Every structure is written in structure tokens, then in C-alpha cells.
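First the structure, in the form of C-alpha cells, and then the observations on it.
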Amino acid sequence: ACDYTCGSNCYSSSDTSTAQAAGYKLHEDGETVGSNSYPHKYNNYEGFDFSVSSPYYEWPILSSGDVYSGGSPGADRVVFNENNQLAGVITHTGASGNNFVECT
Ligand SMILES: Nc1nc2c(ncn2[C@@H]2O[C@H](CO)[C@@H](O)[C@H]2OP(=O)(O)O)c(=O)[nH]1
Ligand SMILES: [Ca+2]
Ligand SMILES: [Ca+2]
């Protein structure tokens, strides 16, 4: 069973932890990868009800299980905060334009 489902993509907690660890490490070293400069601040324009505190940062989580290193980011993202806490897992899949909806 999936811990998180983003559209058709199935993710386990290990998947999200691995993705978060890579993005958080880049955040600490003050480095970014890709044309869209990940990881970067996530403003929560959508108004999701995150239980943990801000600031939030978004980082791509890939369906292949591979850690994002620069190319096409895909539709899925893990959102983490300054204390290395997972705020949520979101996706552009099933959402209009560049909006996001939460993975279930
Ligand atoms: N939809 C959305 N985009 C955000 C948010 N915070 C930052 N962004 C960025 O604001 C712009 C419009 O969506 C994009 O550059 C997007 O970055 P990403 O495209 O990298 O997600 C947010 O909370 N919601
Ligand atoms: Ca997996
Ligand atoms: Ca692989």
C-alpha cells in the first residue's frame, strides 16, 4: 500500500525521507539544482493546513525512486521546513495550471 499517492504515483515513507534528506542538505549548504532552482521557498498560496511551522521549502520527489539532481522536476514535491520536518507531499497532478493539490 502507498503512504502517499500523487495522482498515479505511489510513494512510501522511505521515498519521502530520502527525497527530503537530499533537498534539506542542499538547503543547508545554500545550493540549488535545476532551472527552477530547487529547493526553494514554498509560500503556501494554496492555503494548505500544515501542522508544522514555516518557512517551508519545496523539493521534487520522483516516481522512479531516484533523487532529483537537476532535470525535469515532474509534478510531485515534498515540502519540508527549517527544522527538517515534513510539512506535506503535494502535486500539480489533478490541479489547474501551476496550482498544487495534496497527495492522499
Ligand atoms: N502554486 C504555488 N507556487 C508556488 C508556491 N510558492 C512558490 N511557488 C512558485 O510561484 C510560482 C507560481 O506557481 C512558481 O515559480 C512556483 O514555484 P514552482 O513552479 O517551482 O513550484 C506556492 O505556495 N504555490
Ligand atoms: Ca518507491
Ligand atoms: Ca533507480
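So that you can map any letter, position 1 of the sequence shown is 1 in the authors' numbering, and since no number is skipped, the others follow by simple counting.
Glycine included, every Cβ here is placed at the ideal spot set by N, Cα and C.
- Here the C-alpha atom of residue 72 lies approximately 23 Å from the C-alpha atom of residue 104.
- Proximity of the beta carbon of residue 45 to ligand 1 is indicated: a heavy atom of the ligand is located closer than 7 Å.
- Secondary structure of residue 26 (DSSP, three-state): helix.
- By the neighbour-count criterion, in which 16 or more other beta carbons inside 10 Å mark a residue as buried, residue 55 falls on the exposed side.
- Short of 7 Å from the beta carbon of residue 15, and not among the five residues preceding or following it, lie these beta carbons of its own chain, in chain order: 61 and 65.
- Ordered along the chain, residues surrounding ligand 3 are 64, 65 and 66 [Cβ under 7 Å from any heavy atom].
- When the beta-carbon positions are compared, residue 52 and residue 1 stay at least 8 Å from each other.
- Rounded to the nearest whole angstrom, the C-alpha separation of residue 13 and residue 85 is 13 Å.
- In this structure, ligand 1 has no non-hydrogen atom nearer than 7 Å to the beta-carbon of residue 50.
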